[PDB]
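Read the single chain below, which is given as structure tokens and is the form deposited in one PDB entry.
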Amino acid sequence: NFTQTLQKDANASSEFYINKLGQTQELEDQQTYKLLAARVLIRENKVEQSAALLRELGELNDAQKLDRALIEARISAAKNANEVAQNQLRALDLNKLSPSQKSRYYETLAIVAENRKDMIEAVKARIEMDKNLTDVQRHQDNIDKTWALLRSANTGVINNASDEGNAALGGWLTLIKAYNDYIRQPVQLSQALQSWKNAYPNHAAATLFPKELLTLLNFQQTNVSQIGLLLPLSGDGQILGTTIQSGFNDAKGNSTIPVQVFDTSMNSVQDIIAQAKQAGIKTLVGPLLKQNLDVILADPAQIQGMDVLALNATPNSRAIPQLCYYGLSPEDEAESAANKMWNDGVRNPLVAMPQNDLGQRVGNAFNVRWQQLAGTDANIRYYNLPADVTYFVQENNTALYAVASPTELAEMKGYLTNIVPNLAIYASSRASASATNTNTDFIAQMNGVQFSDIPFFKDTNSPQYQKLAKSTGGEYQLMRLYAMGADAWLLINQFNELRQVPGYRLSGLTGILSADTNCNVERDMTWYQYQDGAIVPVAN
């Protein structure tokens, strides 16, 4: 009678079923607890202990022999023994299984199909799984997994895919087809989803909508009525806030949206926020300085009832409702460098950061991203003199990423030409200045070096570019601040899209803009390379 426990869901921990052995007297009942533990051990990502415990099993009755083979095949699928896993499940009598056992049976199939990148068959497997589930939370997990398979499936296979008279598969295919067809237009996709829940009302997902789509069902376009602009426009950083203001205004154009300017150099940020609340302003851009942003982070409740696009990021930056961080951050240029370098074939690179507070953060943003692509920690080394790079290379003889001045970067390579002259050098936008990109003696010495910078510098002939280069006096920093202000107008009008729409992307003057889980605005950088006396865009 206790063997029948196998036919049900196993909701306890592995330690629970294993510890019951000391109290379990009968031999069959000891084996049952062993199988229940092995079943849960897989759900705990402990495959070896599951296979190991299976090796402790002795003599089993037929009901146990059956449950073991389920756990055997699931292990095989975990270890990518796809042909083995399937043959192990072809040997079972699918009629002898309970609903819970059929659920585990078809989940293993879905993993084999997913292992083989065969997404449609993996979805078909999870539909049969859903028919045998009883726990609501397990239902939701199957639906969340099912949605993830469709979202990774090739877009062509989905458009031409037939539902094969299968209503379940029909509703799934139509749902993903709407997602891919209108994800760039969320307002339109919201109408499609609401239509979907009336088209397939008895669909399992009509009741338990996948998590990724709940924010999209009743999505609402940003309706900016009033903006408050927090920038330093007097005293210190005046040029920063004024040039940023120039970009914001020029990108705003003939918009009726009233903007109220708040000068942080002459007013407290907590007083500004209070006055904004008083004037009925529900949308802010800024502040710019890290310290002033931390005033918000020192008490997030201040911005209760507002959408705020802060223009910087701090170590205290974190997930805060209706708060998103958008700064010309070196962490982004390092995260982009980790990507560029990886896609180019670089493995285990040397990273040269300055031994200051800014260098540690950027190195951490670099490595964390590198842990994603490489699964390893990179060589982050901190330099006090550009000449210290020599010993870093003298350790072993490859690609370098360095954050340094345009001249500091020229010293580094010169020190390395005798040591390793054919080294692939990557740098951040800090290595790009007007005084140096106009002189071929610098452009020639830097042949092969590539750096990240905003895509605005691709077109140095456009009238748009013309007017700005002469207006800023030829200083790239003032030109990037102008680009940020402009992209802030793009971003603050796409604010709700940014928080609610997965993978949302925007082509702005500062790069391809998107958001992470902490609504930190990421930037996909443009990469430029010095080639035979010219600077050409290599990527993006």
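We number the residues from 1 along the sequence you see.
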{"item": "Unmodelled deposited residues flanked by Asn397 on one side and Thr398 on the other", "value": "1 to 3"}
{"item": "Greater mean Cα temperature factor according to the PDB record, 318-326 or 406-414", "value": "406-414"}
{"item": "Stretch exceeding the other in mean C-alpha B-factor - 518-526, 6-14", "value": "518-526"}
{"item": "Given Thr440, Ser195, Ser103, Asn218, the residue at which the Cα B factor reaches its maximum", "value": "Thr440"}
{"item": "Given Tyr383, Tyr182, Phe451, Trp172, the residue at which the Cα B factor reaches its maximum", "value": "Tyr383"}
{"item": "Cα B factor band for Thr472 (lowest, middle or highest third within the chain)", "value": "highest"}
{"item": "Ranked C-alpha temperature factor of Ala153 among modelled chain residues, by third", "value": "lowest"}
{"item": "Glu164 CA temperature factor, ranked by third within the chain", "value": "middle"}
{"item": "Record-listed C-alpha B factor of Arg361: chain third", "value": "highest"}
{"item": "CA B-factor ranking of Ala69, expressed as a third of its chain", "value": "lowest"}
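There is another form of this protein, the form deposited in another entry, and it is not shown here; the text below is about that form.
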| property | result |
| --- | --- |
| Rigid block check between this form and the one not shown (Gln238, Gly156) | no |
